[PDB]
Amino acid sequence: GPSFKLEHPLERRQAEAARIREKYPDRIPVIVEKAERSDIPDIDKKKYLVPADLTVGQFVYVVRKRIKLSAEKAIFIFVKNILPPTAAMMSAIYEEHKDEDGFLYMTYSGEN
Amino acid sequence: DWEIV
Numbered sequence: 003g004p005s006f007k008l009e010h011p012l013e014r015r016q017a018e019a020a021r022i023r024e025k026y027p028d029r030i031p032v033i034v035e036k037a038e039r040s041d042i043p044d045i046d047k048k049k050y051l052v053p054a055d056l057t058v059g060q061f062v063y064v065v066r067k068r069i070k071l072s073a074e075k076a077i078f079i080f081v082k083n084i085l086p087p088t089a090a091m092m093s094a095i096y097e098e099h100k101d102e103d104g105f106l107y108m109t110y111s112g113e114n
Numbered sequence: 001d002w003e004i005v
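Protein chains in written order, with the entry's author numbering: chain B, 3 to 114; chain C, 1 to 5.
What follows is the structure, encoded as structure tokens:
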């Protein structure tokens, strides 16, 4: 389930956000974690630095490449429990939903 | 460790 804030206090999270946003000024730092109630498998990687104009849909494909699911099985990515538009830019999602720490938090699930 | 997309 969501664990990044469990495992790191605000100060460490903000410091990592500041560090990475200085090093990659045009990228959006995204934390992708399993939805609390889903039994879907683990994804290979939690932390993604995405181009600001990547679309949500392009990002869903990125995430789907880092999980092993039988071909009939669904995946969904949410931002604060909202299903974002595949045509939206990640920059717009970030503006609407970024955390106080500087990251964008998203969850993935086998259920919608 | 960040995945550069």
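All C-beta atoms, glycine included, are put in the ideal place defined by N, C-alpha and C.
Residue i - partner residues in DSSP beta bridges
i: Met91 (chain B); result: B:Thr57
i: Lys36 (chain B); result: B:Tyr110
Own chain residues within Cβ distance below 8 Å of residue i, not counting five before or after
i: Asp41 (chain B); result: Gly112
i: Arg23 (chain B); result: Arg29, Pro31 and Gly104
Whole-angstrom distance between residue j and residue i, CA atom to CA atom
i: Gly104 (chain B); j: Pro31 (chain B); result: 8 Å
i: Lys49 (chain B); j: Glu74 (chain B); result: 26 Å
i: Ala54 (chain B); j: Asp28 (chain B); result: 6 Å
i: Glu98 (chain B); j: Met92 (chain B); result: 10 Å
Residue i vs residue j beta-carbon contact at 8 Å
i: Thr109 (chain B); j: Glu35 (chain B); result: yes
i: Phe78 (chain B); j: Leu85 (chain B); result: yes
i: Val58 (chain B); j: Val5 (chain C); result: no
i: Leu12 (chain B); j: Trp2 (chain C); result: no
i: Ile33 (chain B); j: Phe61 (chain B); result: no
Sequence-distant residues of its chain with Cβ nearer than 6 Å to residue i (five each side left out)
i: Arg66 (chain B); result: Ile77
i: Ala90 (chain B); result: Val58
Neighbourhood of residue i by C-beta, 7 Å cutoff - its chain only, sequence neighbours within 5 removed
i: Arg68 (chain B); result: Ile45, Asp46 and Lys47
- Of the residues that make up the region 52-66 of chain B, which ones have a beta carbon closer than 8 Å to any beta carbon in chain C? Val52, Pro53, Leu56, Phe61 and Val64
- Looking at chain C, which residues of the region 80-114 of chain B have a Cβ within less than 7 Å of any of its Cβ atoms? Sequence-ordered contacts of the region 80-114 of chain B with chain C are nonexistent [C-beta pairs closer than 7 Å].
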